[PDB]
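Given next are two forms of a protein chain, the same chain in both, each as structure tokens and marked structure 1 or structure 2.
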Structure 1
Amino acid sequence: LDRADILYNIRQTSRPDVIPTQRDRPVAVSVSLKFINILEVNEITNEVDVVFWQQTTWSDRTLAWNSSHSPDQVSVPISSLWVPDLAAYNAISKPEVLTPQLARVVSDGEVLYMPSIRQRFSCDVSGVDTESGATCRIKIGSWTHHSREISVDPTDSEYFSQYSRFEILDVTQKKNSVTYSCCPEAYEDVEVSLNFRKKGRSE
């Protein structure tokens, strides 16, 4: 098996429309945000612009191949894969995807999709200009798949731009299960708390 063959088979048998549940257990999706930049904070309106890598991870056995005599990874256009229907509940603009829309697929069926995204959010910006900073919560989960079909779990400003007007004090993640008044089932989400503040001109 070479790359050409692997990619051909994947394209030929894809089913991007089919959630890869295994024996009616949920697809376990991991989500983690790597913050790159904070761009346009407004303490009056409670709005922020953020750039982040949305590290998204899951398993789709239908993509697996025997890599005994083959590459054990390929990069694949997401239009050829099933992908989780994640959305940020408190986003007030659609995601601006800054990077090539490719996922990495391992021979065992593990998938990693990690685009860089710029997006505007509605959240608590109060205190951004004090020492203890502001804490903005971002809520991400499956739009249409309940907890029996999709579960989401969480996995250092290492990637954060030194040229931002802001700095990161702390990031914490938390998992929730929510029942909305519209539907009888429960839906999982991850809440990411971003604690940040304006740098001093001197800093």
Structure 2
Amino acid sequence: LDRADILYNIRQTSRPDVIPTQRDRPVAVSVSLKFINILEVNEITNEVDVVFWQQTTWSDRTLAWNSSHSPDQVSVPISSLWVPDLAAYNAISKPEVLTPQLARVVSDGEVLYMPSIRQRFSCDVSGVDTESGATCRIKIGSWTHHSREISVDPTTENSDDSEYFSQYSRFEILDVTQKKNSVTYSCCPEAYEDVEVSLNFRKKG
């Protein structure tokens, strides 16, 4: 199999509109926001404008192929793939995707998509000009799927983000935490999952 064959096979099997659950197990989606920049901050309106890489991975076993004597990965446009319907519940702008909309698909059926996204959030911005800094909280989850269809699994739960964040921003990152939260309501048997991202940052001295 060459790359053309693999891509042909993926186009034949992949259903962009069909969540790839296997036997009613949830699709485990791993998600980690890597902050690149904080562009604009307003302490009066409590709004922040940020750029981050949204590292997202999951598995679609139907995409798998035998990779002895074949490439073990290819780049595939996301319009040919199912992607999780993730959204930030406190976003006040559409996510602007800055980058080419290509995922990486591994021969075992793993999908890796890491778009660079610019987006505005309504956030606690107080203390941004102090030493402790501001702590801006972003809640991310599936817009339509509960925990028996999609699980959201934060990776890199604690980091200073030093490897990603622009040295040229007027802000510096003190700490980023990404934590899983699941609620069960008395009305309804299933659980609801999200990642709470806490971005603790301040204006540079």
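Take the two forms, superpose them, and find the largest set of C-alpha atoms that agree within 1.5 Å; that set is the rigid core. Only residues modelled in both forms are compared. One-based numbering along structure 1's sequence throughout.
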Worksheet item: Core-aligned, does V18 move its Cα 2 Å or more between structures 1 and 2?
Response: no
Discussion item. Tell me whether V178 is among the residues that move between structures 1 and 2 (Cα shift of 2 angstroms or more, core superposed).
Written reply: yes
Worksheet item: Aligning on the rigid core, what is the distance the CA of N9 moves between structures 1 and 2, in angstrom?
Response: 1.1
Worksheet, complete the sentence: Aligning on the rigid core, one finds that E188 shifts at its CA between structures 1 and 2, in Å, by 0.7
Worksheet item: Superposing on the rigid core, where do three or more consecutive Cα atoms all move 2 Å or more between structures 1 and 2?
Response: 178-186
